[PDB]
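The block underneath contains the structure these notes are about, expressed in structure tokens.
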Amino acid sequence: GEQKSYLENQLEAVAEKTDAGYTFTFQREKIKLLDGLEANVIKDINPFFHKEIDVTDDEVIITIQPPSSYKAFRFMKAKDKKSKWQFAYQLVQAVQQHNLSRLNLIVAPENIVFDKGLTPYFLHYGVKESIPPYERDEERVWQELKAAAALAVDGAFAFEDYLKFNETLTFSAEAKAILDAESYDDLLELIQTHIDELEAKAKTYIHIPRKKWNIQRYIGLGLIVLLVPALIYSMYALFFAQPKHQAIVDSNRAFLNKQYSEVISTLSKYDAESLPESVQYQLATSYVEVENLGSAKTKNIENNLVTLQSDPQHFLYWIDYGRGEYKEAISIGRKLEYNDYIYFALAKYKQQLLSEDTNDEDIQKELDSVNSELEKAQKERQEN
Amino acid sequence: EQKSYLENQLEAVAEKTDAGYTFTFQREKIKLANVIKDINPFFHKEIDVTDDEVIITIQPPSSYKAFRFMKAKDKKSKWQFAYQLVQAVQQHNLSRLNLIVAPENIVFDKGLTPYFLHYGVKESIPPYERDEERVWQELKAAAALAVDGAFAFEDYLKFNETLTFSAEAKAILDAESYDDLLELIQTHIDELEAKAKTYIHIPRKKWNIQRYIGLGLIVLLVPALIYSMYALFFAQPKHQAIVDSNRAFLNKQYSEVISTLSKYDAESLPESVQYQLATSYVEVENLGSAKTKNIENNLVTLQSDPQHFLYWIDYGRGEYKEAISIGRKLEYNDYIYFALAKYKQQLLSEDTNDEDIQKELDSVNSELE
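Keeping their order, the protein sequence lines are chains A and B.
Start counting the first sequence at 1; every next residue gets the next number (the working numbering).
Start counting the second sequence at 1001; every next residue gets the next number (the working numbering).
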């Protein structure tokens, strides 16, 4: 199924690409050479293109060899949109600027080659009443031009789709604009606005080598993963660690001045286990002092139970008792096996539970646990 | 009043009015120009012959821009324009029309194709005759001006070994033929396309926003890192030292208080910590039981002048000249005499050539008697 191209069907010629150049072979019957020149006029358009004409008793072979750097139309499809619209602007201009009277155009893709400057060139030209296209056909050339421009810019369909079946196929917005042009200046203005819009868009863009762009991105992301711990630590050091140091300085100053109530208020927002053992000692002796027990009872606690060399559990007991945390202090008293710590905290816990209503079944169960231990220790301490 | 290159070569005044590009010559230098209308028929061309002037007016289509508008385009467009400029000169075949490849004579369309405004006429309008060598040098200078743009047209055209040209400008100006020059431009176009493949394209607004975000992160990270370094390596070890010396003070371990706060200056420590450090220096001094009792409950107390703490820390650290000044400030004669005596002992056991020590020893002995 050797299906022929548009150029081949229109001229009734075989178009091929050999090492010698582009071949356009016609039948002698369809070529009228009435002068002596043998279609010598075709060499007057692109003198830089090597042009040969072979006339035999039954065939006419035209050979066009453009410079090696010139590429066939098919190589436009892979270029960028800016280049496509520049090629289409220059393709319309080359058709519009054609003035050679004896030479007739055929705007087909198989007939176009372009240079490094994206300028299009036609390989085969018809000769007036000699080589097809025999006569000028402005309407045929106009429709060929809009289909070639649409094929080069859109590229969604083949040249014959844009050219012949135009009122049947759902074309692109860019291709419909090209194919619906009513004049050369209208199409040139349509193409110019697309070039102008692309050039304007490109001006608002920066072009960075991917390696440089990527290293700047990892630098920026590295700054973020370094700023989140530095900010979080700074917040802790400024709003938690620094005011704790000043509180430890202030509570240690108030302790030396026997201002036991001031030590309590200065360290009131801190948990006993967060404070150092020496600070725990000072807070516990301050709670013991503020408790206002007997002179002899206080003397027993301060030099036998809550000393700088005693179990830090003794400090935790008096801080819990001093902060109204009796259920917590009772557990500490049970751990140290000190029955006086258990009984003295159980008595205060009973009053704390008694302040709560007698309609909370959890409070009544806890109050029944306390009352049983207080009546057990009273009969034991009074006998032995 | 030096004119432009085009003006000096043709002996004409070149201007741009609303009617088009003006090229006015003197009647005497114009020899009897309808051939001028055969190159760009799309350009409106008029010739006015006055009794002493010939004014040529070329009006290309509105969309065509002057040579000066290439400078703001991208390098790829500048190379493509140069390619088509070399081709326009190479393809010029009209025998009676002569070229002048000057920037003030070139315009270009949306497809970057260059066009010449004024053409000379054979033995009629300058350039009167063809000059292939002048045209070749004009072309390479115009191509170099359009592509490089670092210097003016006359600098590239000068063709002298005086100006240190760019590598691209030198390549264009050193071309030996039209094909050598076209191929030279082609490899530069091909090398630009290959370089473009390794590039990412970010909208300038997006790239600028993240640059200020990134710079804002740096101005926020330097104070956060510096504060974190201070809090971790200076503020935290000082808090632990204050905790440790306050624990040792409560345990009557006066020598331990001294060694815990030894790396800190007395004025950097809080007043309560200064008190504990001073009473520790007083205790370590090992004075009399009664003498120590007088100091601890009359001079170095939690409610006394912090200068008393500074005196005992200076005395305890061998800073006798500093302690003497503090004793003089508090007007306490016992603080002056007791520090002057230890300063005399420090000066003793050094050398028998210290006249400054003998003068200081004579000052202390007179006040004690």
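Cβ coordinates follow ideal geometry from the N, Cα and C atoms, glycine included.
Secondary structure note for B:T1057: its beta strand (DSSP E) is the uninterrupted segment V1054 to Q1059.
Across the segment 232-243 of chain A, CB contacts with chain B closer than 8 Å involve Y233, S234, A237, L238, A241 and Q242, in sequence order along the chain. B:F1069: not part of any alpha helix (DSSP H); DSSP gives it neither H nor E. Cβ atoms of A:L163 and A:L91 stay farther apart than 8 Å, at about 14 Å. Setting aside the 5 residues that flank it on each side, B:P1103 is surrounded in the same chain by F1067, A1142, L1145 and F1153, each with a C-beta closer than 7 Å to its C-beta; the list follows chain order. Residue contact with chain B for A:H50: absent (no Cβ-Cβ distance below 8 Å to any residue of chain B).
Residue contact check for A:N40 against chain B: no CB pair falls below 8 Å. Put simply, the CB of A:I64 is far from chain B, with every gap to its CB atoms at 8 Å or more.
The beta carbons of B:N1093 and B:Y1119 sit no closer together than 8 Å. According to DSSP, B:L1097 shares a beta bridge with B:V1121. A:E52 carries a strand assignment under DSSP once its states are collapsed to helix, strand and coil. In terms of beta-carbon proximity, A:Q280 stays away from the interface with chain B, with every pair separated by 8 Å or more. The way I'd put it, the segment 314-324 of chain A does touch the segment 277-289 of chain A; three or more beta-carbon pairs between them come closer than 8 Å. If only uninterrupted alpha helix (DSSP H) runs of at least 4 residues are considered, those enclosed by the segment 267-309 of chain A are 277-290 and 295-300. For A:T56, the closest alpha carbon among the candidates A:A272, A:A177 and A:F26 is that of A:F26.
Using a Cβ-Cβ cut-off of 8 Å, A:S310 does not count as an interface residue toward chain B, since no Cβ of chain B sits closer than that to its own. Around the beta carbon of B:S1245, 16 or more other beta carbons lie within 10 angstroms, which makes this residue buried. Less than 8 Å separates the beta-carbon of B:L1302 from that of A:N257. B:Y1083 and B:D1179 have their C-alpha atoms roughly 11 Å apart.
The residue among A:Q352, A:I232 and A:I215 with its C-alpha nearest the C-alpha of B:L1220 is A:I232.
The three-state secondary structure of A:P47, taken from DSSP, is coil. Within the segment 1150-1186 of chain B, the complete alpha helix (DSSP H) runs of at least 4 residues fall at 1153-1157 and 1167-1173. Non-local beta-carbon contacts of B:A1323 in its own chain, meaning distances under 6 Å to residues more than five positions away in sequence, involve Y1311, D1314, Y1315 and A1339 in chain order. Against chain B, the beta carbon of A:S69 has neighbours under 7 Å at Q1186, listed in chain order. Taking C-alpha positions only, A:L11 is separated from A:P133 by approximately 7 Å. Here A:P120 has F87, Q90, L91, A94, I112 and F114 as same chain residues with Cβ atoms under 7 Å from its own Cβ, once five neighbours each way along the sequence are excluded.
From the listed residues A:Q216, A:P229 and A:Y218, the smallest Cα separation to B:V1222 is found for A:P229.
Residues of the segment 1085-1113 of chain B with a Cβ closer than 9 Å to any Cβ of chain A, in chain order: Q1087, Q1090, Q1091, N1093, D1109, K1110, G1111, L1112 and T1113. Where A:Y6 is concerned, there is no enclosing beta strand (DSSP E), although the alpha helix (DSSP H) around it starts and stops at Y6 to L11. Take the alpha-carbon of B:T1022 and the one of B:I1056: they are about 6 Å apart.
Between the beta-carbon of A:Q242 and that of B:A1235 there is about 7 Å, and that keeps the pair under the 8 Å contact cut.
Among the CB atoms of chain A, none fall inside 8 Å of the CB of B:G1318. Counting only the Cα atoms, B:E1133 lies some 21 Å from B:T1162. Note on geometry: alpha-carbon atoms of A:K32 and A:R102 lie some 13 Å from one another. Between B:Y1335 and B:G1327, the beta carbon gap of about 3 Å places them in contact (Cβ cut-off 8 Å).
Rounded to the nearest whole angstrom, the C-alpha separation of B:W1079 and B:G1149 is 12 Å.
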